[PDB]
Structure formats: C-alpha cells, structure tokens
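Please read the structure below before turning to the comments.
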RNA sequence: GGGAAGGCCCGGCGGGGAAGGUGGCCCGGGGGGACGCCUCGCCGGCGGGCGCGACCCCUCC
RNA sequence: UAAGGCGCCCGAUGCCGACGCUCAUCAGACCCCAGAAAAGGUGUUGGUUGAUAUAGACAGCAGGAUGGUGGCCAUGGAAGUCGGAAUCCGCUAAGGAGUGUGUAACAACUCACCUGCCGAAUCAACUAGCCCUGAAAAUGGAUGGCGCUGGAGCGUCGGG
RNA sequence: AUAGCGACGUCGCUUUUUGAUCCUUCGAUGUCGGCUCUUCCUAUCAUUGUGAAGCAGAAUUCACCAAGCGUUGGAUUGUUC
RNA sequence: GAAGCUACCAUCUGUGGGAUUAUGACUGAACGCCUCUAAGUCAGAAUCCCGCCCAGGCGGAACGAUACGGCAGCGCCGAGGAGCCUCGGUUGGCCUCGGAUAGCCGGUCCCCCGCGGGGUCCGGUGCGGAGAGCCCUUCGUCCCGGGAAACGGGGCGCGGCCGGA
Ligand SMILES: [Mg+2]
Ligand SMILES: [Mg+2]
Ligand SMILES: [Mg+2]
Ligand SMILES: [Mg+2]
Ligand SMILES: [Mg+2]
Ligand SMILES: [Mg+2]
Ligand SMILES: [Mg+2]
Ligand SMILES: [Mg+2]
Ligand SMILES: [Mg+2]
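Chains as they are written, first to last, in the deposited numbering: chain S, 1 to 176; chain H, 1 to 190; chain O, 5 to 203; chain M, 2 to 139.
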C-alpha cells in the first residue's frame, strides 16, 4: 500500500467460485482502509490469502463499497490495534487517536507510525479500529483533552506569509 | 507529548514585597533588594491575588524537557525571598594536620588572604563576590562565615575559597587539608 | 532606489540568499550593522566551524591561499559571495552592487533601514534553541574593532533618540492641529472615510 | 500575560482558507492543533478547522462543549455577535481596507484632490501652532 | 448503500444511560458590594480615597 | 512529460502545505556510491509484559531490626558476615541460623522486614525510532559549494 | 571478576609488515641505503593542565584534553633492521 | 699587523591578554529527596585567537608645492555662451528611536529623582501615530465668484548666527 492522501474505509466481501465440491462457499467480509477501491481489493485479496486458502484467481469480489462515517460531526476517541514489521522482528501495539472519522484516525495512525518508527504502509497491518469511551482511554496524550472547561492560549504565533511583504519596515509581532 | 498546562504557585510572606516587569522579578524586604531576570526560560509569571499573596508560574504546551523549568523558577524565587527576609550564612571550617592555616580578611570582608597552607610560602588571595562579606567566626578556633543576600553569590564565594586550597600531586585521601563548607544556614533564624 | 537592510536579528545564510537573489536581479543593496547578525547553533559550535575554516590554508605558500576576513561585514560579504557565480562577469558585476558595513555609517544612519521577515531569528527559530552573535564570534576570532564600533553605535543611538523625540513632538502638534481644524476640514474628511483611507 | 484563550464558545475570525473573512464559534478542541467549529449565523457549516487559520476575538458566549447548532445559533443571536463585531474597530479597519481595494480611478482622483487640501490646511495650521509655541517659550 | 450526516418545526412522544456532571447541595479560598475600622475630602450634604477593620451580617462573582 | 528536482549558485514551492521525530564541544542530508560493527546511554520518544496503592504505598525525614544460639562440620583464630550442607521455632506491629562496611575474633555501624509524619499514583524487565559513546593518519578539504536547526535534517503524505 | 590484567570466545580499525591480483607505465617514471632539508599525522616518550591506583612520601603505573616544543653523541655492519 | 668582515671561539636581547578544553565546582529541577546540566553561573591550561614582532592591497587618510616675467601655461568663479564627439543606464520621493516577542506602542499629573528618567491612570494592540503605509502629484493659459491665507509665496536677493567627523 501507498498511504496516499487521506484514506477511505471500504467494506469488501468476497467468495470462492462455486465448485463441484461445494455449491455456495461462505462469503467473507473485511474492512479495508485504502486510497481507492482498486488497492482496497488488492489488500482484501492479500489478507484473505493469508487467512484462508483463497486466491484472486480462485475467488471473486462479491461486493466492494465505501462505508461513510456514521457521525462525522462528533469528535471521537479511536483505539487501534495494529501489527507492524520493524527492522528486526515484528510487534503488536495499541494506539489511541482523537478525530471525527475512522478513516481520518487510520490516516493519522499511518502518519504517526511513519514518523515514530519509520514503518511503512507495506509493513503496517491494521487489525482493529474501535470507538473508545473517554473513561476507557488510557494514553495521556488523548486523555488530557477530556475535560469540560478546556482552556489554553496560543503563546508564540510564528509569522506566516513571510514572503508576501518580503521587505517590511516592522519587526513582526508574535504576541496576539 | 506536550502537556496543556503546568503551573505552580509560591506564597510570599507579609514583610516582603514582589514586583515583576515581564520576566524579571524584584524582591524588596528588610535586608535589601534582589533582582533576577528569567528571559531565558520563556514562561508566564503572574502576581495574582491582591494583597500580593501569591506568585504563579505557568507553562503552556511544554514537553518534559522544559516542564522542569517551572519548579526551578519557583525555587529561585523562594531562595530570593529567603535571602531577603533572613539572609544566607555559609559557615566553613579549616582542616589541617600539621601546618595551621592562617586566614586574614581585608577590605572589610572583601578579600581573603590564606597563608601557611601545608607550609606554603605562596599566599592565596581570593576576592569575594560583590555583596558577600567574609568574617572570622568568634567563639570558634578556626572557622569562616560568609554573609550575603544572594545564595548564588555566597556559595560561589565559598566554592572559590574552597578550591583555592587543594593539594597537588599527592594522595588527597590522606592529605585532607583545606577549608570546607561545614554548613549552610541563615543569618537569623525563624 | 537602493535597498538598505538592517542586520540585527537576521540569520546569516537566510539573509544572504535573499540578498544574493536581489543583487543578481539588478537591484543595488546595502546591508548595514553586520555585527548584529546571528547564526543558529550554539556559540562554541560556530566558533569551532570558523576555526576549522581558519585551519584551511595552502601548505606551500599561505600568502596565496584562502583569505580569512575577520570583520563581520566581510564575513557576511564572503558568505554572500558563496551564493553568486563570482567567477563570471555577471557574477562580479552583481557582487559590485552590494555594500556591507559594521555599525551604521554616516551615509546611512539618517535613513530608514529595511527588514526581511523571512530571515529573522524570531521568525525562523523556536525560542528554545541556541544562537551565536556574529559580532562576538568575529571579535574573539580576531576582529580588532568591537569596542570602537560599540562606542560609535552608542553615540548614534543617543542622537537618534533626540531626533525621534523631536519627531514625536512635531507629530503631536500635527494631531492637535487636526482636531483643532476638524471644523473646516470635516468636508474633506468624509470623502476619505467613505473611500477607506482614514477609518 | 495572555488575554485571549481557546475555550468552548469563543468567537474567532478566520483569516485564510475556504471561509476566509468570516466569524466562527469554537465548539470543541479535537486535538492539539484542530478545533471543531461552526458559524451558525455567519454561514459556515459545522466542520473541523486548524488553529493556524483563526484569530481569536474577545467575544465569549456560553453553551455546552458539544451543543448542537440549534443551541449555538440561539446563543449567537442572544449575544448579538454580528452587530457588536460590526461596531468594533477591527471590522472597521477590515471594511475600510476593502473600500480602498474597491476604489476605482475616478474616486482615486477625487481622493487625491481632497487629500491635497486636507494636508495643506493641516500643514499651515501646524506651522502656526509651532510658531506660537516658540513664541510662548521665548 | 435509491447518500452519510446535517437543517427547520420546543415536532410530539416511548423509556433508558453516564460524564469531558448543568443546576442544586457540602467543603475550601480569591475576592469583592453593601463598606459598617482609621485617614483625609466638602456640625448636615455629595464628590474626592484610585480610602481603610469587617466577616458568615449577608450578598454577588 | 519520464527519471530527477524546486533557499542561492541554478530553470522550478516567494504553498500563510499537513502530521510527527531529532540538538550533535564528530549532527544529518537520496539506487550504483564512495565509508563503519559487536556492545552501551536514568538523552528523548513510542510500545509489550508483570507488579503495588486509601486494609493508605513510591520517595524523604525518624524508631525498632530480638532468645534458644557464639546453630552443626571445621580453622590457630570464624560470635552471621573467610569456608561445607539447612535455616527452625516462642516473643511478636518485625527482624534473615542473615544484605553489606568493619576488626584475628568480637564490638560497632548498616540492610532485609515492620512502625510514626507526609496523602495519589508509583515501580521494574524488555523492545523499537532519532541522537550520543564505541570512532586513530599523515599537503588545507569537501551532503557539489555557500549554508541550513518553526529545516534548506529524518519518516509518512498533498496540491502547484 | 573489572587498581592492574585477562583464558575459551567474539566485533572492529590501519595500510609504517608481508601476501594476493596484474588496472596504469616496456618509442624507459633512473631501481638499496646514508647525508642534507621542510612539512605533516597521533596510535603521547618528555614537558603544560588534569582524573584513578594494590597512590603515606619518593619512585611508578592506568586514563583524559593535547602534536606547541624537544626526542642526542658514538663502537660494529653497505645496510633498513 | 690597521680597517673591514667574522665565532657559543667574544658580547647583547628574547614579552601580555581573551574566550575556553580536560577536569573540579555553584545554584538547581526533571524524579517530594539526590544530582556540575536540563535553563542559568564559576575557576580553568606548553592548546586556540589576538597582542609584541616581520611584510604592507588594482585599499584608504592628512599635509606641502603646484610650471612666465620676451612670450605663456595653469587654478577658481561668472546657476558663466553656443555648441561638437563619446559612454551609458534610468523614467517621482520617503530626512533615521531603541528594541521586545510568555509581550508591545502612545498620551498623562496624580507623584518621585537627575528637559530627561521612573509611578499611577487613560487609550490602542491581527499593529489606521500602518511600509497592507505616508508625502508630492504636471495639460497650460484668460475673465469673474466662493472656500483657505493675510503671519503666506517667491527670490547666487541678501548679511550673519548656529546645526556636522
Ligand atoms: Mg608520589
Ligand atoms: Mg539540483
Ligand atoms: Mg623524473
Ligand atoms: Mg626520463
Ligand atoms: Mg589523542
Ligand atoms: Mg583566562
Ligand atoms: Mg562543564
Ligand atoms: Mg569563566
Ligand atoms: Mg531616455
């Protein structure tokens, strides 16, 4: 996978072709976070090949569709169970993020993995994404945003658009 | 992780007053005035509460590396308050085996001359920091008293006149000679 | 038509790149008060870098080797030279359009000096980092005129304070006159207000 | 010292981006550098927004930290933010800047002509006052 | 996904839940406003003070 | 347009680019490629596993830290502290036939363990990122150079 | 065990030893030493400043910043050694 | 054996600071204690840099004199007079506080020190005492009227006084 842009969540269900052995193979459903449906289908085939004895040549994508966010206006806490490959050994972890959308949280997860462990999208295997109550949250970086009377200033505002007035007689102010 | 807010408050006594101009603090009390700036820390100082009751230090969005500065600022301010109301008295003693250490104070406590340190013909001459007064303690065979208002200045003078007397090219585990800080108290007790 | 820049608070390379581009684009640029320029990184690091530069000299004949100028103005001049094609006629002609100065000379003290926000320390560096003063670095590398320029700068500042006080007084007279004559200049003011030059 | 904080219910002015030049009300803080906001009455659909693009104003209106747009609009109308913002000096400077940008060539000439007289009268009167002050000093 | 949310009408109305707990209540302090302890200001007056003890007497934030 | 790039040299980010990580008194900076390992860090950032904490911990400041018995084999001397197995009981809020310092042996100090004050989170053992130690060659010297630390560095990414 | 050493192992660095190769030079790059002279490196013998010893002093070890300044006169041998 | 050269084979002379390394420390958090370190601070050397010393840049400064007496050449001035040749680029000016950024700017008597500097208070603060700005603004001339000015405008038109390294 190439974690291009913001990811989208896809529900993908697939099955083996009917064979003389069995008329109706069971349908298997999976949640895939992907830039588009093509890579979503590729990832589905990869995961189902690891899990069951299924291959794209001996299977078919029964359905593949984007699943939209149920409540994209409520800020939520997301717990992600994840499996990734390091330079020496592979590790399971659990990370919490804070965002409005499941796809946004997973994209945050990919960027954070790249930033903190140099792990790449082809190394990360995302396992579980769940909405987690603020009481069940356990990472302080997320927990510290759980209060009714949140209040903090913007202390040191760095001047942007530094080049539009490229030569200015003021020395800029950073306190607003 | 950067903490949203880290704060700590310091209570100041009634006999002393505190005035701050940005990040520099001025403490005025019975024994004098102490000024100290904190422009190299980059946190928020607030003299909240009428009757000048408390001084609060705030730090917004700081990692653990600069979260440590809050308590060090508060400790510095408390030390300034203590040195203004009570003052700092560093008492030190001279330890020798055979040759007595002859210490004489001149410039009314600003210069210290040390002679006969291990039969030394050389004379050690150490100058105190401005605002630190040296004296030879009464009711004691051999002991020096450093009086001051700034703990940093007093302790720096003590360290200066302690490191001025070090044994060279010999076993310092046997040649335990020189002047060492016996204790660090206040000019007047509470 | 000449661009007069003030060095105080600006970073060395960040200012040098902009100056070099402006000079190449044909504009005449004079940068002033070069000893106020600062460099990122701590003072010991920057001093070590300059000492490493000092160590580079031609073994057989140092008189022909690299020339290590000690004045802050010439240091800034050389780092600007490093960003120009000075081996060509175009590069040399460009380099001849730049003037550097320690302190602020009489041709320019009575002028308004420009500022480049894209190269300012307060904009480009977070407050927790360490920086070094080019003036101090040059002085303890072997610049011999730190004190003289300091006294001259003090004199210039104390003259500019008098000039600024006079400017404040004269303007205050201007504002008092404005509120005095509002009665008969009111009809000339509503037009500016409606066209948004006075609100 | 800090006077403008980021809490629930503060009115902020969006500087750049899609909704540039519009007021908005902070509903929640999503993360360190993102807030969930909406301008129920200033025509800004509820959405997330980075802190880098809003400038804090000194207007606070009370509602719970996740109240719906109905109650946000109720509080906005009750506090009557629009007229107070239009009356503050900040919006006056913005509106004057917009006027100067919109000014065409004929009004540019008229402004030049008016400014000529304004400056001439002020300069003459300033000269009179300076001479009077010099005489008073003497 | 015959769009997912969202908007308006307190839509009405069914019951249930805790918390990033609104009121209310209890504890604590920073307070103040009636200023009820001095000091000046004009024995009566108001304004000056950028006054001065309060304290559960409340009383508000 | 490809590959590669867009601080200046040097055409192109003079985007109000997004999220993080990193301070180096030897920083780092792009296939071939032009320089480094085992082993370490209470530098900092993530993660895994196990503990104990209002029956009041972790510090920290103070009080105790006992009898059989100087247990048996021993050595010239071994009282607990050089040596060989075991390691009991009553008193107990608790004390090990002992964690260490000390003497030839004691003595003495000290620890395990339990109490008083303090009143909410605290301990480890691993694992992986960046940085640091490991890291020494000869003409002066090379991320291409200048230089760069709210990056012009590193990782994941978006428009132009 | 770790003042000082360090077995059985195991990871490196250097090109002042020798190898291995045969890329350049066979219409020729004068092939050992010594003498003379300059400069450079540090893996520091001495000197300056330090830290640790099974450092009482003296003497002597181990380690750190460090190449600024010194590192000789002779018998034997063509010698380098 | 003069003079002159000349020898540790004679004789004379050979220097002071600064920032700092290693290291030892102060205050002091992180981590209730502790800690040379994280912020801040101190001492510190045959090292490094500079001074002393040698040279003095397609680098400057101050000052002196500046071309006959038959011719003449020169220097300064006449907002000195026409021009001729050649080299080009440009196509309105901004004449100024210092500086901070986890803060600034401007007024102020209501006070205190030496007109200036502090205190209180009042105003502004995505900088309307703004460089996202300010100033000047040019088709020209002729009549009459209104607005501003009568103190103003223009004068190598003037003679002085200060203002500058
Ligand atoms: Mg010795
Ligand atoms: Mg390139
Ligand atoms: Mg030859
Ligand atoms: Mg030949
Ligand atoms: Mg070495
Ligand atoms: Mg020194
Ligand atoms: Mg140190
Ligand atoms: Mg020092
Ligand atoms: Mg022309």
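C-beta: ideal position from N, C-alpha, C; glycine also.
Between residue 27/O and residue 9/O, the C-beta spacing is not below 8 angstroms. Selection 51/O, 48/O, 86/O and 113/O evaluated against residue 165/O yields 113/O as nearest (Cα-Cα). Neighbours of residue 37/M across chain S, judged by C-beta separation under 8 angstroms: 73, 75 and 100. Straight through space, the alpha carbons of residue 200/O and residue 96/M are spaced by roughly 8 angstroms. Contacts between residue 9/M and chain S, judged by CB atoms closer than 7 angstroms, involve 150 in chain order.
Within the segment 150-184 of chain O, 174, 177, 178, 180, 181, 182 and 184 place their CB atoms closer than 8 angstroms to a CB of chain M, listed in sequence order. Residue 21/H carries a strand assignment under DSSP once its states are collapsed to helix, strand and coil. The C-alpha of residue 147/S lies about 15 angstroms from the C-alpha of residue 64/M.
With at least 16 other beta carbons inside 10 angstroms of its own, residue 33/S counts as buried. Beta-bridge analysis with DSSP links residue 178/H to 95/H. Under the three-state reduction of DSSP, residue 82/M is assigned to helix. The DSSP-derived three-state label of residue 48/O is helix.
In the three-state reduction of the DSSP assignment, residue 38/O falls in the helix class. Put simply, of 19/H, 111/H and 42/H the residue whose alpha carbon is nearest the alpha carbon of residue 52/H is 19/H. Segment contact: the segment 107-122 of chain H against the segment 51-71 of chain H, fewer than three CB-CB distances shorter than 8 angstroms; contact not assigned. Within chain M, the C-beta atoms nearer than 9 angstroms to that of residue 153/S come from 3, 4, 5, 6, 7 and 57, in chain order. Under DSSP, residue 51/M takes part in a beta bridge, and its partners are 35/M. Each residue's CA atom was taken as its position, placing residue 143/O and residue 60/O some 20 angstroms apart.
With contacts defined as CB atoms closer than 8 angstroms, residue 87/O and residue 154/O fail to qualify as a contacting pair.
In the three-state reduction of the DSSP assignment, residue 102/O falls in the strand class. At a cut-off of 8 angstroms between beta carbons, residue 108/O makes no contact with chain M.
Counted as a single uninterrupted DSSP element, the alpha helix (DSSP H) harbouring residue 112/S occupies residues 102-117. Taking a 10 Å sphere around the C-beta of residue 77/M, we find 16 or more other C-beta atoms and assign the residue as buried. Look at residue 28/S here: in three-state DSSP terms it is strand. Chain-order list of chain M residues neighbouring residue 176/S: 5, 56 and 57, by C-beta distance under 9 angstroms. At the C-beta level, residue 76/S and residue 131/S come within 8 angstroms of one another. Classified as buried, residue 119/S has 16 or more neighbouring CB atoms from the shown chains inside 10 Å of its CB.
Secondary structure note for residue 6/O: it is in no beta strand (DSSP E), with a DSSP letter that is neither H nor E. Distance from the CA of residue 40/O to the CA of residue 9/H, rounded to the nearest whole angstrom, comes to 38 angstroms. Within the DSSP secondary-structure output, residue 122/S pairs in no beta bridge. Residue 189/O and residue 122/M have their C-alpha atoms some 8 angstroms from each other.
As DSSP reads the structure, residue 46/H sits in a beta bridge with 56/H.
DSSP, reduced to helix, strand and coil, places residue 188/O within a helical segment of the structure shown. Taking C-alpha positions only, residue 130/H is separated from residue 148/H by approximately 9 angstroms. Residue 70/H sits close to residue 6/H, with the two beta carbons spaced by under 8 angstroms. The beta carbon of residue 172/S does not come within 8 angstroms of any beta carbon belonging to chain H, so the residue lies off that interface.
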